[PDB]
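The file input19.cif contains mmCIF, C-alpha atoms and all ligand atoms; chains and numbers go by the auth columns:
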```
data_start
loop_
_atom_site.group_PDB
_atom_site.id
_atom_site.type_symbol
_atom_site.label_atom_id
_atom_site.label_comp_id
_atom_site.label_asym_id
_atom_site.label_seq_id
_atom_site.Cartn_x
_atom_site.Cartn_y
_atom_site.Cartn_z
_atom_site.B_iso_or_equiv
_atom_site.auth_seq_id
_atom_site.auth_asym_id
ATOM 1 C CA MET A 1 97.185 98.790 85.697 0.00 1 A
ATOM 2 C CA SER A 2 98.875 101.240 83.287 0.00 2 A
ATOM 3 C CA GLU A 3 102.558 102.191 83.598 0.00 3 A
ATOM 4 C CA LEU A 4 101.452 105.576 84.959 0.00 4 A
ATOM 5 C CA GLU A 5 99.199 104.004 87.579 0.00 5 A
ATOM 6 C CA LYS A 6 102.024 101.659 88.608 0.00 6 A
ATOM 7 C CA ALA A 7 104.412 104.619 88.796 0.00 7 A
ATOM 8 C CA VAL A 8 102.048 106.489 91.130 0.00 8 A
ATOM 9 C CA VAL A 9 101.918 103.472 93.426 0.00 9 A
ATOM 10 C CA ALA A 10 105.732 103.147 93.324 0.00 10 A
ATOM 11 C CA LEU A 11 106.073 106.733 94.586 0.00 11 A
ATOM 12 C CA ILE A 12 103.840 105.938 97.559 0.00 12 A
ATOM 13 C CA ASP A 13 105.595 102.634 98.206 0.00 13 A
ATOM 14 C CA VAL A 14 109.108 104.108 98.296 0.00 14 A
ATOM 15 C CA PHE A 15 108.054 106.922 100.647 0.00 15 A
ATOM 16 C CA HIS A 16 106.628 104.479 103.185 0.00 16 A
ATOM 17 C CA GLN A 17 109.549 102.090 102.827 0.00 17 A
ATOM 18 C CA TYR A 18 111.663 104.829 104.419 0.00 18 A
ATOM 19 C CA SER A 19 109.295 107.058 106.437 0.00 19 A
ATOM 20 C CA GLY A 20 108.243 104.236 108.743 0.00 20 A
ATOM 21 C CA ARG A 21 111.717 103.220 109.945 0.00 21 A
ATOM 22 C CA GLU A 22 112.126 105.893 112.610 0.00 22 A
ATOM 23 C CA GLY A 23 110.060 108.315 114.664 0.00 23 A
ATOM 24 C CA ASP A 24 107.044 109.753 112.899 0.00 24 A
ATOM 25 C CA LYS A 25 105.910 106.953 110.574 0.00 25 A
ATOM 26 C CA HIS A 26 104.414 109.498 108.161 0.00 26 A
ATOM 27 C CA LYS A 27 107.509 111.658 107.622 0.00 27 A
ATOM 28 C CA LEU A 28 111.114 111.265 106.513 0.00 28 A
ATOM 29 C CA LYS A 29 113.611 112.591 109.040 0.00 29 A
ATOM 30 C CA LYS A 30 117.088 113.431 107.706 0.00 30 A
ATOM 31 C CA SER A 31 118.476 109.962 108.430 0.00 31 A
ATOM 32 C CA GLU A 32 115.623 108.313 106.483 0.00 32 A
ATOM 33 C CA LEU A 33 115.940 110.798 103.626 0.00 33 A
ATOM 34 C CA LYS A 34 119.659 110.065 103.371 0.00 34 A
ATOM 35 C CA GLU A 35 118.937 106.327 103.141 0.00 35 A
ATOM 36 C CA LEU A 36 116.276 106.825 100.471 0.00 36 A
ATOM 37 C CA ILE A 37 118.552 109.003 98.330 0.00 37 A
ATOM 38 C CA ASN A 38 121.572 106.670 98.675 0.00 38 A
ATOM 39 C CA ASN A 39 119.584 103.461 98.117 0.00 39 A
ATOM 40 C CA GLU A 40 116.912 104.467 95.616 0.00 40 A
ATOM 41 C CA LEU A 41 118.396 107.396 93.693 0.00 41 A
ATOM 42 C CA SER A 42 121.953 106.130 93.240 0.00 42 A
ATOM 43 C CA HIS A 43 121.851 106.528 89.441 0.00 43 A
ATOM 44 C CA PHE A 44 120.321 110.041 89.491 0.00 44 A
ATOM 45 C CA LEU A 45 121.942 111.774 92.471 0.00 45 A
ATOM 46 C CA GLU A 46 125.378 111.708 94.036 0.00 46 A
ATOM 47 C CA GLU A 47 125.713 109.522 97.120 0.00 47 A
ATOM 48 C CA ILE A 48 125.354 111.553 100.322 0.00 48 A
ATOM 49 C CA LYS A 49 128.388 111.008 102.562 0.00 49 A
ATOM 50 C CA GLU A 50 128.328 114.174 104.692 0.00 50 A
ATOM 51 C CA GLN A 51 125.778 115.330 107.265 0.00 51 A
ATOM 52 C CA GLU A 52 125.968 118.884 105.890 0.00 52 A
ATOM 53 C CA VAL A 53 124.845 117.593 102.482 0.00 53 A
ATOM 54 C CA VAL A 54 121.643 115.979 103.802 0.00 54 A
ATOM 55 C CA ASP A 55 121.109 119.043 106.015 0.00 55 A
ATOM 56 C CA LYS A 56 121.045 121.121 102.841 0.00 56 A
ATOM 57 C CA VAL A 57 118.649 118.825 100.990 0.00 57 A
ATOM 58 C CA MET A 58 116.255 118.822 103.952 0.00 58 A
ATOM 59 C CA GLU A 59 116.496 122.618 104.187 0.00 59 A
ATOM 60 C CA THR A 60 115.347 122.784 100.574 0.00 60 A
ATOM 61 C CA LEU A 61 112.563 120.202 100.951 0.00 61 A
ATOM 62 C CA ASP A 62 111.184 121.206 104.357 0.00 62 A
ATOM 63 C CA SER A 63 108.556 123.863 103.653 0.00 63 A
ATOM 64 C CA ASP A 64 106.829 123.862 107.063 0.00 64 A
ATOM 65 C CA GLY A 65 109.924 124.037 109.252 0.00 65 A
ATOM 66 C CA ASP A 66 109.424 120.814 111.193 0.00 66 A
ATOM 67 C CA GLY A 67 112.821 119.460 110.120 0.00 67 A
ATOM 68 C CA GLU A 68 111.284 116.519 108.271 0.00 68 A
ATOM 69 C CA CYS A 69 109.932 115.740 104.833 0.00 69 A
ATOM 70 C CA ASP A 70 106.223 114.828 104.800 0.00 70 A
ATOM 71 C CA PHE A 71 104.338 113.265 101.872 0.00 71 A
ATOM 72 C CA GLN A 72 103.500 116.620 100.223 0.00 72 A
ATOM 73 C CA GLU A 73 107.116 117.705 100.528 0.00 73 A
ATOM 74 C CA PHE A 74 108.217 114.366 99.093 0.00 74 A
ATOM 75 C CA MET A 75 105.984 114.931 96.078 0.00 75 A
ATOM 76 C CA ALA A 76 107.771 118.224 95.511 0.00 76 A
ATOM 77 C CA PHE A 77 111.108 116.375 95.738 0.00 77 A
ATOM 78 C CA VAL A 78 109.842 113.872 93.143 0.00 78 A
ATOM 79 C CA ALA A 79 108.855 116.724 90.833 0.00 79 A
ATOM 80 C CA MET A 80 112.361 118.234 91.187 0.00 80 A
ATOM 81 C CA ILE A 81 114.062 114.914 90.409 0.00 81 A
ATOM 82 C CA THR A 82 111.730 114.174 87.508 0.00 82 A
ATOM 83 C CA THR A 83 112.233 117.646 86.019 0.00 83 A
ATOM 84 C CA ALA A 84 116.003 117.162 86.269 0.00 84 A
ATOM 85 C CA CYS A 85 115.753 113.769 84.541 0.00 85 A
ATOM 86 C CA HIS A 86 113.405 115.207 81.914 0.00 86 A
ATOM 87 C CA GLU A 87 116.050 117.808 81.025 0.00 87 A
ATOM 88 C CA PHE A 88 118.688 115.059 80.773 0.00 88 A
ATOM 89 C CA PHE A 89 120.330 116.181 84.033 0.00 89 A
ATOM 90 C CA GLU A 90 121.896 119.127 82.166 0.00 90 A
ATOM 91 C CA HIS A 91 121.476 121.479 85.138 0.00 91 A
ATOM 92 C CA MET B 1 117.564 101.085 88.224 0.00 1 B
ATOM 93 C CA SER B 2 115.476 101.302 91.428 0.00 2 B
ATOM 94 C CA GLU B 3 111.660 101.239 91.380 0.00 3 B
ATOM 95 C CA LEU B 4 111.701 104.976 92.135 0.00 4 B
ATOM 96 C CA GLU B 5 114.078 105.725 89.271 0.00 5 B
ATOM 97 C CA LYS B 6 111.915 103.637 86.925 0.00 6 B
ATOM 98 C CA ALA B 7 108.811 105.466 88.159 0.00 7 B
ATOM 99 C CA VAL B 8 110.391 108.848 87.386 0.00 8 B
ATOM 100 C CA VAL B 9 111.143 107.696 83.851 0.00 9 B
ATOM 101 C CA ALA B 10 107.578 106.354 83.458 0.00 10 B
ATOM 102 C CA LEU B 11 106.185 109.810 84.289 0.00 11 B
ATOM 103 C CA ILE B 12 108.305 111.364 81.541 0.00 12 B
ATOM 104 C CA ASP B 13 107.457 108.592 79.089 0.00 13 B
ATOM 105 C CA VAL B 14 103.682 108.876 79.521 0.00 14 B
ATOM 106 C CA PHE B 15 103.748 112.671 79.133 0.00 15 B
ATOM 107 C CA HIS B 16 105.572 112.456 75.806 0.00 16 B
ATOM 108 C CA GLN B 17 103.439 109.565 74.595 0.00 17 B
ATOM 109 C CA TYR B 18 100.546 112.041 74.553 0.00 18 B
ATOM 110 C CA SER B 19 102.058 115.544 74.237 0.00 19 B
ATOM 111 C CA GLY B 20 103.643 114.800 70.872 0.00 20 B
ATOM 112 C CA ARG B 21 100.486 113.695 69.040 0.00 21 B
ATOM 113 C CA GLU B 22 99.161 117.152 68.196 0.00 22 B
ATOM 114 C CA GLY B 23 100.327 120.746 67.930 0.00 23 B
ATOM 115 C CA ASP B 24 102.976 121.765 70.425 0.00 24 B
ATOM 116 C CA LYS B 25 105.004 118.584 70.973 0.00 25 B
ATOM 117 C CA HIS B 26 105.948 119.734 74.483 0.00 26 B
ATOM 118 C CA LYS B 27 102.440 120.342 75.845 0.00 27 B
ATOM 119 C CA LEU B 28 99.174 118.464 76.279 0.00 28 B
ATOM 120 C CA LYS B 29 96.219 120.206 74.663 0.00 29 B
ATOM 121 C CA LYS B 30 92.762 119.229 75.957 0.00 30 B
ATOM 122 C CA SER B 31 92.305 116.465 73.381 0.00 31 B
ATOM 123 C CA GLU B 32 95.643 114.871 74.364 0.00 32 B
ATOM 124 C CA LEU B 33 94.898 115.246 78.071 0.00 33 B
ATOM 125 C CA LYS B 34 91.546 113.522 77.597 0.00 34 B
ATOM 126 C CA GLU B 35 93.264 110.600 75.848 0.00 35 B
ATOM 127 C CA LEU B 36 95.898 110.287 78.572 0.00 36 B
ATOM 128 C CA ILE B 37 93.298 110.272 81.357 0.00 37 B
ATOM 129 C CA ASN B 38 91.000 107.776 79.576 0.00 38 B
ATOM 130 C CA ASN B 39 93.816 105.442 78.488 0.00 39 B
ATOM 131 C CA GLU B 40 96.310 105.629 81.343 0.00 40 B
ATOM 132 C CA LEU B 41 94.251 106.546 84.409 0.00 41 B
ATOM 133 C CA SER B 42 91.214 104.333 83.828 0.00 42 B
ATOM 134 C CA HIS B 43 91.508 102.646 87.244 0.00 43 B
ATOM 135 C CA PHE B 44 92.028 105.899 89.204 0.00 44 B
ATOM 136 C CA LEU B 45 89.767 108.444 87.496 0.00 45 B
ATOM 137 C CA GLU B 46 86.362 108.304 85.869 0.00 46 B
ATOM 138 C CA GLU B 47 86.382 108.113 82.079 0.00 47 B
ATOM 139 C CA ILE B 48 85.924 111.549 80.502 0.00 48 B
ATOM 140 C CA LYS B 49 82.979 111.495 78.083 0.00 49 B
ATOM 141 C CA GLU B 50 82.015 115.187 77.990 0.00 50 B
ATOM 142 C CA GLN B 51 83.946 118.176 76.649 0.00 51 B
ATOM 143 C CA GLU B 52 82.917 120.234 79.692 0.00 52 B
ATOM 144 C CA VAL B 53 84.615 117.679 81.957 0.00 53 B
ATOM 145 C CA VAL B 54 88.017 117.954 80.239 0.00 54 B
ATOM 146 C CA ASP B 55 87.528 121.736 80.060 0.00 55 B
ATOM 147 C CA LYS B 56 87.283 121.720 83.847 0.00 56 B
ATOM 148 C CA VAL B 57 90.350 119.535 84.366 0.00 57 B
ATOM 149 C CA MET B 58 92.411 121.762 82.065 0.00 58 B
ATOM 150 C CA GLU B 59 91.139 124.862 83.880 0.00 59 B
ATOM 151 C CA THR B 60 92.486 123.371 87.099 0.00 60 B
ATOM 152 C CA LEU B 61 95.823 122.255 85.623 0.00 61 B
ATOM 153 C CA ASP B 62 96.604 125.252 83.406 0.00 62 B
ATOM 154 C CA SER B 63 98.468 127.710 85.629 0.00 63 B
ATOM 155 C CA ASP B 64 99.853 129.999 82.900 0.00 64 B
ATOM 156 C CA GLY B 65 96.660 130.477 80.905 0.00 65 B
ATOM 157 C CA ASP B 66 97.852 129.070 77.587 0.00 66 B
ATOM 158 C CA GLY B 67 95.041 126.497 77.494 0.00 67 B
ATOM 159 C CA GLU B 68 97.456 123.566 77.598 0.00 68 B
ATOM 160 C CA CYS B 69 99.239 121.466 80.181 0.00 69 B
ATOM 161 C CA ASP B 70 103.046 121.717 80.017 0.00 70 B
ATOM 162 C CA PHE B 71 105.510 119.406 81.794 0.00 71 B
ATOM 163 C CA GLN B 72 105.544 121.436 85.043 0.00 72 B
ATOM 164 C CA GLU B 73 101.757 121.494 85.078 0.00 73 B
ATOM 165 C CA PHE B 74 101.713 117.757 84.410 0.00 74 B
ATOM 166 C CA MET B 75 103.945 117.197 87.427 0.00 75 B
ATOM 167 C CA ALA B 76 101.389 119.049 89.523 0.00 76 B
ATOM 168 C CA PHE B 77 98.666 116.793 88.076 0.00 77 B
ATOM 169 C CA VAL B 78 100.763 113.740 89.021 0.00 78 B
ATOM 170 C CA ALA B 79 101.127 115.054 92.568 0.00 79 B
ATOM 171 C CA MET B 80 97.327 115.509 92.798 0.00 80 B
ATOM 172 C CA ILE B 81 96.650 111.976 91.539 0.00 81 B
ATOM 173 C CA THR B 82 99.320 110.459 93.770 0.00 82 B
ATOM 174 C CA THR B 83 98.022 112.307 96.839 0.00 83 B
ATOM 175 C CA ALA B 84 94.514 111.039 96.069 0.00 84 B
ATOM 176 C CA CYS B 85 95.804 107.465 95.727 0.00 85 B
ATOM 177 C CA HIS B 86 97.881 107.842 98.894 0.00 86 B
ATOM 178 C CA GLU B 87 94.713 108.737 100.822 0.00 87 B
ATOM 179 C CA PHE B 88 92.942 105.691 99.351 0.00 88 B
ATOM 180 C CA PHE B 89 90.803 107.893 97.079 0.00 89 B
ATOM 181 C CA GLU B 90 88.657 108.832 100.100 0.00 90 B
ATOM 182 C CA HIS B 91 88.189 112.418 98.892 0.00 91 B
HETATM 183 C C1 LIG C . 126.151 116.349 87.468 0.00 1 C
HETATM 184 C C2 LIG C . 125.585 115.870 88.647 0.00 1 C
HETATM 185 N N1 LIG C . 124.856 114.786 88.318 0.00 1 C
HETATM 186 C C3 LIG C . 124.964 114.591 86.997 0.00 1 C
HETATM 187 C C4 LIG C . 124.310 113.490 86.225 0.00 1 C
HETATM 188 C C5 LIG C . 123.738 112.414 86.888 0.00 1 C
HETATM 189 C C6 LIG C . 123.130 111.399 86.160 0.00 1 C
HETATM 190 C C7 LIG C . 123.104 111.464 84.775 0.00 1 C
HETATM 191 O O1 LIG C . 122.511 110.454 84.062 0.00 1 C
HETATM 192 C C8 LIG C . 121.786 109.498 84.738 0.00 1 C
HETATM 193 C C9 LIG C . 121.428 108.248 84.002 0.00 1 C
HETATM 194 C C10 LIG C . 120.256 108.298 83.075 0.00 1 C
HETATM 195 C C11 LIG C . 119.415 107.059 82.998 0.00 1 C
HETATM 196 C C12 LIG C . 117.959 107.217 82.671 0.00 1 C
HETATM 197 C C13 LIG C . 117.567 107.167 81.223 0.00 1 C
HETATM 198 C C14 LIG C . 116.261 107.786 80.841 0.00 1 C
HETATM 199 O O2 LIG C . 115.943 109.028 81.364 0.00 1 C
HETATM 200 C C15 LIG C . 115.312 109.918 80.525 0.00 1 C
HETATM 201 C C16 LIG C . 114.232 109.476 79.782 0.00 1 C
HETATM 202 C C17 LIG C . 113.585 110.342 78.920 0.00 1 C
HETATM 203 C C18 LIG C . 114.019 111.650 78.805 0.00 1 C
HETATM 204 C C19 LIG C . 113.309 112.561 77.870 0.00 1 C
HETATM 205 N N2 LIG C . 113.212 113.893 77.984 0.00 1 C
HETATM 206 C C20 LIG C . 112.492 114.357 76.942 0.00 1 C
HETATM 207 C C21 LIG C . 112.137 113.253 76.172 0.00 1 C
HETATM 208 N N3 LIG C . 112.657 112.165 76.768 0.00 1 C
HETATM 209 C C22 LIG C . 115.106 112.096 79.547 0.00 1 C
HETATM 210 C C23 LIG C . 115.759 111.225 80.407 0.00 1 C
HETATM 211 C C24 LIG C . 123.679 112.540 84.113 0.00 1 C
HETATM 212 C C25 LIG C . 124.285 113.555 84.840 0.00 1 C
HETATM 213 N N4 LIG C . 125.753 115.539 86.468 0.00 1 C
HETATM 214 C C1 LIG C . 84.896 108.299 93.814 0.00 2 C
HETATM 215 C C2 LIG C . 85.474 108.698 92.612 0.00 2 C
HETATM 216 N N1 LIG C . 86.492 107.850 92.366 0.00 2 C
HETATM 217 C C3 LIG C . 86.546 106.958 93.365 0.00 2 C
HETATM 218 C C4 LIG C . 87.532 105.839 93.477 0.00 2 C
HETATM 219 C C5 LIG C . 88.317 105.486 92.390 0.00 2 C
HETATM 220 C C6 LIG C . 89.232 104.447 92.507 0.00 2 C
HETATM 221 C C7 LIG C . 89.351 103.765 93.709 0.00 2 C
HETATM 222 O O1 LIG C . 90.248 102.735 93.816 0.00 2 C
HETATM 223 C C8 LIG C . 91.148 102.525 92.794 0.00 2 C
HETATM 224 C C9 LIG C . 91.886 101.228 92.772 0.00 2 C
HETATM 225 C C10 LIG C . 93.072 101.087 93.672 0.00 2 C
HETATM 226 C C11 LIG C . 94.219 100.280 93.142 0.00 2 C
HETATM 227 C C12 LIG C . 95.600 100.623 93.618 0.00 2 C
HETATM 228 C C13 LIG C . 96.106 99.914 94.840 0.00 2 C
HETATM 229 C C14 LIG C . 97.223 100.557 95.597 0.00 2 C
HETATM 230 O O2 LIG C . 97.153 101.917 95.847 0.00 2 C
HETATM 231 C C15 LIG C . 97.585 102.350 97.079 0.00 2 C
HETATM 232 C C16 LIG C . 98.800 101.890 97.554 0.00 2 C
HETATM 233 C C17 LIG C . 99.257 102.296 98.794 0.00 2 C
HETATM 234 C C18 LIG C . 98.497 103.165 99.556 0.00 2 C
HETATM 235 C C19 LIG C . 99.008 103.585 100.887 0.00 2 C
HETATM 236 N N2 LIG C . 98.734 104.739 101.511 0.00 2 C
HETATM 237 C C20 LIG C . 99.383 104.747 102.693 0.00 2 C
HETATM 238 C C21 LIG C . 100.083 103.546 102.779 0.00 2 C
HETATM 239 N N3 LIG C . 99.829 102.854 101.653 0.00 2 C
HETATM 240 C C22 LIG C . 97.275 103.627 99.084 0.00 2 C
HETATM 241 C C23 LIG C . 96.814 103.214 97.842 0.00 2 C
HETATM 242 C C24 LIG C . 88.562 104.118 94.796 0.00 2 C
HETATM 243 C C25 LIG C . 87.649 105.157 94.679 0.00 2 C
HETATM 244 N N4 LIG C . 85.576 107.221 94.253 0.00 2 C
HETATM 245 CA CA CA C . 110.014 108.617 109.934 0.00 3 C
HETATM 246 CA CA CA C . 108.309 119.411 106.785 0.00 4 C
HETATM 247 CA CA CA C . 100.669 118.470 72.073 0.00 5 C
HETATM 248 CA CA CA C . 99.652 125.888 80.633 0.00 6 C
#
```

Representation of the structure as structure tokens:
Amino acid sequence: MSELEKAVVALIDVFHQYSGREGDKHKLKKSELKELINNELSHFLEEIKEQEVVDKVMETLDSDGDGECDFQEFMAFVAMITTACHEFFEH
Amino acid sequence: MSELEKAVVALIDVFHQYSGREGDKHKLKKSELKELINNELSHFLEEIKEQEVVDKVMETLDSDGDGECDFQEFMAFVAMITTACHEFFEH
């Protein structure tokens, strides 16, 4: 498999490593999202230590108002993070 | 770096491995997009052998009508491919 194909699989793998822990196995609730960010994005994003901070991230990511981040919404999060990285985190 | 962080970097790396070959160094023209798909997505997508086929992919991906796929548009392509893979390529 190419690096791109492996990367695609990694995105799926990390989502399901967190989404399945609690409640709906197909969505990240705020507690799962906090864990994913703190454990898997520690070199790109600041550690989340306050509930208000993860509340704000979920508010941004949750486009259908169910209070959770589904796979489609996670893809949008990935695009945000990747765009930030692409621009050398300048913004 | 986590697998997710490495995956993010891989997405950026593969874009620039193709976008820089011709013309605008920041965008994939159809010829570059064809190369990327045939070389880096050979286990996920059918090989492109006809100009009409890459014309159609670019028509789908090109949201600002410049005839090329920029980084934002590439992210949308990645989301499409990843969603397809996530659903076991059933559709
Ligand atoms: C304020 C809040 N957070 C911050 C902040 C957080 C983190 C940080 O830095 C994080 C560590 C970086 C490690 C990854 C290295 C590779 O990433 C690439 C690879 C290719 C391109 C690229 N782009 C175009 C061509 N190549 C661009 C980036 C900087 C600021 N500041
Ligand atoms: C018609 C046109 N093209 C086709 C077609 C093309 C290619 C193909 O298969 C391609 C090869 C697959 C190799 C990658 C293995 C891992 O990918 C994963 C990993 C996790 C999940 C997942 N999802 C949820 C939980 N885990 C889902 C998928 C099948 C049909 N048919
Ligand atoms: Ca869950
Ligand atoms: Ca949602
Ligand atoms: Ca180019
Ligand atoms: Ca375009």

Please give chain B as a PDB file with C-alpha atoms, in the coordinates of the input, after it has been superposed on chain A by least squares over all Cα atoms paired in order.
```pdb
ATOM      1  CA  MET B   1      97.185  98.790  85.698  1.00  0.00           C
ATOM      2  CA  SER B   2      98.875 101.240  83.286  1.00  0.00           C
ATOM      3  CA  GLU B   3     102.558 102.191  83.598  1.00  0.00           C
ATOM      4  CA  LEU B   4     101.453 105.576  84.959  1.00  0.00           C
ATOM      5  CA  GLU B   5      99.199 104.004  87.579  1.00  0.00           C
ATOM      6  CA  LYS B   6     102.024 101.659  88.608  1.00  0.00           C
ATOM      7  CA  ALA B   7     104.412 104.619  88.797  1.00  0.00           C
ATOM      8  CA  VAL B   8     102.048 106.489  91.130  1.00  0.00           C
ATOM      9  CA  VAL B   9     101.919 103.472  93.426  1.00  0.00           C
ATOM     10  CA  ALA B  10     105.733 103.147  93.324  1.00  0.00           C
ATOM     11  CA  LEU B  11     106.073 106.734  94.586  1.00  0.00           C
ATOM     12  CA  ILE B  12     103.840 105.938  97.559  1.00  0.00           C
ATOM     13  CA  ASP B  13     105.596 102.634  98.206  1.00  0.00           C
ATOM     14  CA  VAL B  14     109.108 104.108  98.296  1.00  0.00           C
ATOM     15  CA  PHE B  15     108.055 106.922 100.648  1.00  0.00           C
ATOM     16  CA  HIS B  16     106.628 104.479 103.185  1.00  0.00           C
ATOM     17  CA  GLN B  17     109.550 102.090 102.827  1.00  0.00           C
ATOM     18  CA  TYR B  18     111.663 104.829 104.418  1.00  0.00           C
ATOM     19  CA  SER B  19     109.295 107.058 106.438  1.00  0.00           C
ATOM     20  CA  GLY B  20     108.243 104.235 108.743  1.00  0.00           C
ATOM     21  CA  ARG B  21     111.717 103.220 109.945  1.00  0.00           C
ATOM     22  CA  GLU B  22     112.126 105.893 112.610  1.00  0.00           C
ATOM     23  CA  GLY B  23     110.061 108.315 114.664  1.00  0.00           C
ATOM     24  CA  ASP B  24     107.044 109.753 112.899  1.00  0.00           C
ATOM     25  CA  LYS B  25     105.910 106.953 110.574  1.00  0.00           C
ATOM     26  CA  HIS B  26     104.414 109.498 108.162  1.00  0.00           C
ATOM     27  CA  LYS B  27     107.508 111.658 107.622  1.00  0.00           C
ATOM     28  CA  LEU B  28     111.114 111.265 106.513  1.00  0.00           C
ATOM     29  CA  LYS B  29     113.610 112.591 109.041  1.00  0.00           C
ATOM     30  CA  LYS B  30     117.088 113.431 107.706  1.00  0.00           C
ATOM     31  CA  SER B  31     118.476 109.962 108.430  1.00  0.00           C
ATOM     32  CA  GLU B  32     115.623 108.313 106.484  1.00  0.00           C
ATOM     33  CA  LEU B  33     115.941 110.798 103.626  1.00  0.00           C
ATOM     34  CA  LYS B  34     119.660 110.065 103.370  1.00  0.00           C
ATOM     35  CA  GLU B  35     118.937 106.327 103.141  1.00  0.00           C
ATOM     36  CA  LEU B  36     116.275 106.825 100.472  1.00  0.00           C
ATOM     37  CA  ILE B  37     118.552 109.003  98.329  1.00  0.00           C
ATOM     38  CA  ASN B  38     121.572 106.670  98.675  1.00  0.00           C
ATOM     39  CA  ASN B  39     119.584 103.461  98.116  1.00  0.00           C
ATOM     40  CA  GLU B  40     116.912 104.467  95.616  1.00  0.00           C
ATOM     41  CA  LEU B  41     118.396 107.396  93.693  1.00  0.00           C
ATOM     42  CA  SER B  42     121.953 106.130  93.240  1.00  0.00           C
ATOM     43  CA  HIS B  43     121.852 106.528  89.441  1.00  0.00           C
ATOM     44  CA  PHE B  44     120.320 110.042  89.491  1.00  0.00           C
ATOM     45  CA  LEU B  45     121.942 111.774  92.470  1.00  0.00           C
ATOM     46  CA  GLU B  46     125.378 111.708  94.036  1.00  0.00           C
ATOM     47  CA  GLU B  47     125.713 109.522  97.120  1.00  0.00           C
ATOM     48  CA  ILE B  48     125.354 111.553 100.321  1.00  0.00           C
ATOM     49  CA  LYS B  49     128.389 111.008 102.562  1.00  0.00           C
ATOM     50  CA  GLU B  50     128.328 114.174 104.693  1.00  0.00           C
ATOM     51  CA  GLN B  51     125.777 115.330 107.266  1.00  0.00           C
ATOM     52  CA  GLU B  52     125.968 118.884 105.890  1.00  0.00           C
ATOM     53  CA  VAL B  53     124.845 117.592 102.482  1.00  0.00           C
ATOM     54  CA  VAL B  54     121.643 115.978 103.802  1.00  0.00           C
ATOM     55  CA  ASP B  55     121.109 119.042 106.015  1.00  0.00           C
ATOM     56  CA  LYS B  56     121.045 121.122 102.841  1.00  0.00           C
ATOM     57  CA  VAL B  57     118.648 118.824 100.990  1.00  0.00           C
ATOM     58  CA  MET B  58     116.255 118.822 103.952  1.00  0.00           C
ATOM     59  CA  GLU B  59     116.496 122.618 104.186  1.00  0.00           C
ATOM     60  CA  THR B  60     115.347 122.784 100.574  1.00  0.00           C
ATOM     61  CA  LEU B  61     112.563 120.202 100.951  1.00  0.00           C
ATOM     62  CA  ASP B  62     111.184 121.206 104.357  1.00  0.00           C
ATOM     63  CA  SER B  63     108.556 123.862 103.653  1.00  0.00           C
ATOM     64  CA  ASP B  64     106.829 123.862 107.062  1.00  0.00           C
ATOM     65  CA  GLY B  65     109.924 124.037 109.251  1.00  0.00           C
ATOM     66  CA  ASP B  66     109.424 120.814 111.194  1.00  0.00           C
ATOM     67  CA  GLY B  67     112.822 119.460 110.120  1.00  0.00           C
ATOM     68  CA  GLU B  68     111.284 116.519 108.271  1.00  0.00           C
ATOM     69  CA  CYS B  69     109.932 115.739 104.833  1.00  0.00           C
ATOM     70  CA  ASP B  70     106.223 114.828 104.800  1.00  0.00           C
ATOM     71  CA  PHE B  71     104.338 113.265 101.872  1.00  0.00           C
ATOM     72  CA  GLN B  72     103.499 116.620 100.223  1.00  0.00           C
ATOM     73  CA  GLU B  73     107.116 117.704 100.528  1.00  0.00           C
ATOM     74  CA  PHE B  74     108.217 114.366  99.094  1.00  0.00           C
ATOM     75  CA  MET B  75     105.984 114.931  96.078  1.00  0.00           C
ATOM     76  CA  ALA B  76     107.772 118.224  95.511  1.00  0.00           C
ATOM     77  CA  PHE B  77     111.108 116.376  95.738  1.00  0.00           C
ATOM     78  CA  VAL B  78     109.841 113.872  93.142  1.00  0.00           C
ATOM     79  CA  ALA B  79     108.855 116.724  90.833  1.00  0.00           C
ATOM     80  CA  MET B  80     112.361 118.234  91.187  1.00  0.00           C
ATOM     81  CA  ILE B  81     114.062 114.914  90.410  1.00  0.00           C
ATOM     82  CA  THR B  82     111.729 114.174  87.508  1.00  0.00           C
ATOM     83  CA  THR B  83     112.233 117.645  86.019  1.00  0.00           C
ATOM     84  CA  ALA B  84     116.002 117.162  86.269  1.00  0.00           C
ATOM     85  CA  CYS B  85     115.753 113.770  84.541  1.00  0.00           C
ATOM     86  CA  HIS B  86     113.405 115.207  81.913  1.00  0.00           C
ATOM     87  CA  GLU B  87     116.051 117.808  81.024  1.00  0.00           C
ATOM     88  CA  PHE B  88     118.688 115.058  80.773  1.00  0.00           C
ATOM     89  CA  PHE B  89     120.330 116.182  84.033  1.00  0.00           C
ATOM     90  CA  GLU B  90     121.895 119.127  82.166  1.00  0.00           C
ATOM     91  CA  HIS B  91     121.476 121.479  85.139  1.00  0.00           C
TER      92      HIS B  91
END
```

Expected answer as JSON, numbers by chain: residues within 9 Å of ligand CA 6 (chain C), only C-alpha atoms and all ligand atoms
{"B": [27, 28, 29, 58, 61, 62, 63, 64, 65, 66, 67, 68, 69, 70, 71, 72, 73]}

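Computed from the coordinates, the atom CA of residue B:32 to atom CA of residue B:48 distance equals 12.0 Å.
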
Given the PyMOL selection byres (((chain A and resi 75) around 10) and not hetatm) and the file above, list the residues it selects as a ChimeraX atom specification.
/A:11-12,15,61,69-74,76-81 /B:75-76,78-80,82-83

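Nearest residue to residue A:38, choosing from B:88, B:13, B:54, B:2 and counting all atoms listed in the file: B:2.
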
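Shortest separation to chain B among A:30, A:22, A:86, A:35 occurs at residue A:86, atoms counted being all atoms listed in the file.
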
Got a sec: who's within 10 Å of residue B:43, counting all atoms listed in the file, leaving out chain neighbours fewer than 6 positions off, as a PyMOL selection string?
(chain A and resi 1-2+5) or (chain B and resi 37)

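The space separating atom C24 of ligand LIG 1 (chain C) from atom CA of residue B:17 comes to 22.6 Å.
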
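With distances taken over only C-alpha atoms and all ligand atoms, A:16 is the one residue among A:91, A:49, A:16, A:56 lying closest to ligand CA 3 (chain C).
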